[PDB]
Amino acid sequence: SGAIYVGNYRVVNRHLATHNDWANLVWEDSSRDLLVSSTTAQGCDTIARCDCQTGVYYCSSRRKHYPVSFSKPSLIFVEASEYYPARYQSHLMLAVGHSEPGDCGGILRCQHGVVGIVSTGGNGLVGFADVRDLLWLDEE
Ligand SMILES: CSc1ccccc1CC(=O)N1CCc2nc[nH]c(=O)c2C1
Ligand SMILES: [Zn+2]
């Protein structure tokens, strides 16, 4: 579990969104595993606006933050999980690292701010849903 809290937005994995998220929906995209809902309180996270390929992510199944090198956001085939069939997920970045299903939502960050959230795992890889192209998170 986990979310990004930027401005009056809450960014979560679409597959972990609650009824309150769907009832206060701003935007969702199944191909990216992302959903954004509106918040009453302002958040403290800042979004990175960059092409970094090194950063640090939080792994809840180890209570640890790990430094990683990660690929550029791409269209990647992901095997079937409890939430999606085997399919192509877009705007996904891969790194070598530990990730169990419940690790989804953990933040990946670089020197500029939040880069994305854990979305996929298995085979000793971790995948992150990028948010750096969502410029509108910084306004309204
Ligand atoms: C944090 S997500 C996670 C973590 C550990 C295990 C499973 C998940 C869900 C997930 O994304 N799967 C299902 C398992 C799987 N196995 C091999 N290759 C893959 O591409 C996948 C994709
Ligand atoms: Zn960066």
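- Regarding how it was determined, this PDB entry cites X-ray crystallography in its header, along with a resolution of 1.220 Å.

### Some thoughts on the side chain of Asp 130
- Tracing the chain through its elements places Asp 130 in strand β10 (residues 125-130).
- Of note is the side chain of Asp 130, whose polar atom sits 2.9 Å from the side chain of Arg 132.
- Excluding its chain neighbours within four sequence positions, the residues that come into contact with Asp 130 are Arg 32, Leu 34, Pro 73, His 91, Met 93, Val 115 and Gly 116.

### Quick word on the nonpolar core
- The biggest cluster of nonpolar side chains holds 15 residues, and the ones touching the most others in it are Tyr 57, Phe 70, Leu 108, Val 115 and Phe 128.
- Elements with a contribution of two residues or more to this core: β4 (54-59), β7 (87-96), β8 (107-110), β9 (113-122) and β10.
- If we ignore the near neighbours within four places in the chain, the residues touching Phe 128 are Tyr 57, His 91, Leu 92, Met 93, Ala 95, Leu 108, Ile 117, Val 118 and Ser 119.
- Within the second largest apolar cluster, 14 residues are counted, among which are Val 11, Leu 34, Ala 129 and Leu 134.

### Structural notes on the site of ligand 1
- By nearness alone, every residue bordering ligand 1 is listed as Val 78, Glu 79, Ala 80, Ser 81, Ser 99, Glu 100, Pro 101, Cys 104, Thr 120, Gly 121, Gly 122 and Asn 123.
- Here an oxygen atom of ligand 1 sits 3.0 Å away from a polar atom, N or O, in the main chain of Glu 79.
- Here an oxygen atom of ligand 1 sits 3.2 Å away from a polar atom, N or O, in the main chain of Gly 121.
- Protein coverage of the free-state accessible area of ligand 1, which is 470 Å², stands at 76%.
- At three residues, β9 tops the list of elements feeding residues into the shell around ligand 1.
- Looking at the shell around ligand 1, its residues break down into four nonpolar, six polar and two charged.

### Thoughts on unusual backbone geometry
- A positive phi is found at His 91, a non-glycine position, where the angle reads about 55 degrees.
- If you trace the backbone, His 91 turns up in strand β7.
- A relative accessible area of 31% means that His 91 is categorised as partly exposed.
- Although it is not a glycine, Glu 140 sits at a positive phi angle of roughly 55 degrees.
- Mapped onto the elements, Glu 140 comes out in the segment after β10.

### A look at the coordination of the zinc ion (ligand 2)
- Around the zinc ion (ligand 2), the protein contributes the donor atoms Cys 50 (SG), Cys 52 (SG), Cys 110 (SG) and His 112 (ND1), which lie 2.1 to 2.3 Å from the metal centre.
- Around the zinc ion (ligand 2), the four donor atoms are arranged such that angles at the metal cover 101 to 117 degrees; this shape is classified as tetrahedral.
- Binding-site remark: the zinc ion (ligand 2) is held by donors from one chain whose sequence spacing is C-x1-C-x57-C-x1-H. Pair noted here: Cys 50 is in the loop between β3 (34-44) and β4 and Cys 110 is in strand β8, with a separation of 60 residues, a long-range link.
- The class for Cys 50 is partly exposed, based on a relative accessible area of 25%.
- Classification of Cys 110 as buried rests on a relative accessible area of 12%.

Each value, and the rule that gives it
- Residues numbered from 1 in each chain as written, not as in the entry; some residues may be left out.
- Chains lettered and ligands numbered in written order.
- Heavy atoms only, no water.
- Helix = DSSP H or I, 4+ residues; strand = E, 2+ residues; numbered from the N terminus.
- Polar contact = N/O pair within 3.5 Å; in protein donor to acceptor, adjacent residues only side chain to side chain.
- Contact = heavy atoms within 4.5 Å.
- Core = buried A, V, L, I, M, F, W, Y, C linked by side-chain atoms within 4.5 Å.
- Buried < 20%, exposed > 50% of the residue type's maximum accessible area, 1.4 Å probe, protein only.
- Near = heavy atom within 4 Å.
- Areas by Shrake-Rupley, 256 points an atom, 1.4 Å probe, with all protein chains shown as cover.
- Nonpolar A, V, L, I, M, F, W, Y, C, P; charged D, E, K, R; others polar.
- Donors = N, O, S within 2.8 Å, 3.2 Å for Na, K, Ca; no water.
- Tetrahedral: all angles 85-135°; square planar, octahedral: opposite > 155°, others 65-115°.

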